[PDB]
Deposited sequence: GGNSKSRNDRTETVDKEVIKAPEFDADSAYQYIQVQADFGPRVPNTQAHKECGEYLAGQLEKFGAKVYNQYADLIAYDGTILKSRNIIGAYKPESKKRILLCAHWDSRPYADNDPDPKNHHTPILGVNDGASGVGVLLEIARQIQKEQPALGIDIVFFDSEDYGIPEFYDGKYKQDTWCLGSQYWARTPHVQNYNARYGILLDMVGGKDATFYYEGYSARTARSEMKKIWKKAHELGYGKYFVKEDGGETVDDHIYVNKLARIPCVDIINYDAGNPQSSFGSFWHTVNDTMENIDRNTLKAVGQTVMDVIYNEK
């Protein structure tokens, strides 16, 4: 049978977005970025995840050494059966995906699903191989040795009013089964307006690397043509009903 997941609180996710936004743009090598990283690590700790902070000097396209910090929160680290949930947290010279995941973390704390969940915030994403430096780093060499997950869900720009998440190109050739499952649940829950079961665009994003350096099929939930609580609720609830159904 099917389990109905706990209720995702969209106003809570909205506030996590607003707190990130209040640091100013989280541009690599800035005070805003440093402070926001501390905030995110702290929140994943506050919400019961086993926190793994992954510091690295990543060289950007112009030679800039980015004092990078990938942030990982693990739930039920005992379980070999796991689902990866991820988003990037830096800003371009972010927030929405991270905000939804923090609210999912908080709910995991209140009631844990059957499988282990990993929440990973990738850094240095937005500064083709010179994008996604944090996930390239992470997938190549994950936070635990031999890391695996059944599949992964990437959230990127998931807060816009009347957003439409199409079948993203890379996800649709590397993770159809998983993507179709997620879009299925969205429709069943009444969020079909948001999850359009049609091929959209193909985008360079963290899920490309996750799938390659770490080999986990990974679905990108990304708006395809501002912050809205209804959009957050549709994304967040769909992700919880999907992950709480995993056995």
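Peer 1: What's missing from the model if you number the deposited sequence from 1?
Peer 2: Going by the record, the segments left unmodelled (no C-alpha atoms) fall at 1-16, 110-129, 164-174, 273-292.
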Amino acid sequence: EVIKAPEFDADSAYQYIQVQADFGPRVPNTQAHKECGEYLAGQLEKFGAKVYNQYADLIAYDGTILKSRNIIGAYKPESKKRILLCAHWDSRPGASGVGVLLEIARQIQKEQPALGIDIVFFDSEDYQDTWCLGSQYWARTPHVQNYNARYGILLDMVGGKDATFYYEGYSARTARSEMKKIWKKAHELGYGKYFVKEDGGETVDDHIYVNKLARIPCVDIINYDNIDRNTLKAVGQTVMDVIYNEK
From here on, numbers count along this sequence of modelled residues.
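Peer 1: If you take the mean CA temperature factor per stretch, which one wins between 129-137 and 82-90?
Peer 2: The entry gives the higher C-alpha B-factor average to 129-137.
Peer 1: Would you mind comparing 237-245 and 3-11 for me and telling me which has the higher average C-alpha temperature factor in the entry?
Peer 2: Result of the comparison: 3-11.
Peer 1: Per the entry, which of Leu213, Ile222, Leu66, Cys36 tops the list for Cα B factor?
Peer 2: Across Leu213, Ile222, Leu66, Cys36, the entry lists the biggest C-alpha B-factor for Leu213.
Peer 1: Among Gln145, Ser124, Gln107, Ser171, where is the Cα B factor highest in this entry?
Peer 2: Most elevated C-alpha B-factor of the set, per the entry: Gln145.
Peer 1: Which third, lowest, middle or highest, does the C-alpha temperature factor of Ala163 belong to within its own chain?
Peer 2: As the PDB entry reports it, the C-alpha B-factor of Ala163 lands in the highest third of its chain.
Peer 1: Thinking about Cα B factors across the chain, which third does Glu202 belong to?
Peer 2: Highest third, going by the recorded CA B-factors of the chain.
Peer 1: Test of reading the entry: by CA B factor among the chain's modelled residues, which third contains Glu178?
Peer 2: For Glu178, whose C-alpha B-factor we compare with every modelled residue in the chain, the answer is the lowest third.
Peer 1: Could you say whether, by C-alpha temperature factor, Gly42 belongs to the lowest, middle or highest third of its chain?
Peer 2: Middle third - that is where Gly42 ends up once the chain's C-alpha B-factors are sorted.
Peer 1: Among the modelled residues of its chain, does the C-alpha B-factor of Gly152 lie in the lowest, middle or highest third?
Peer 2: CA B-factor rank for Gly152: lowest third.
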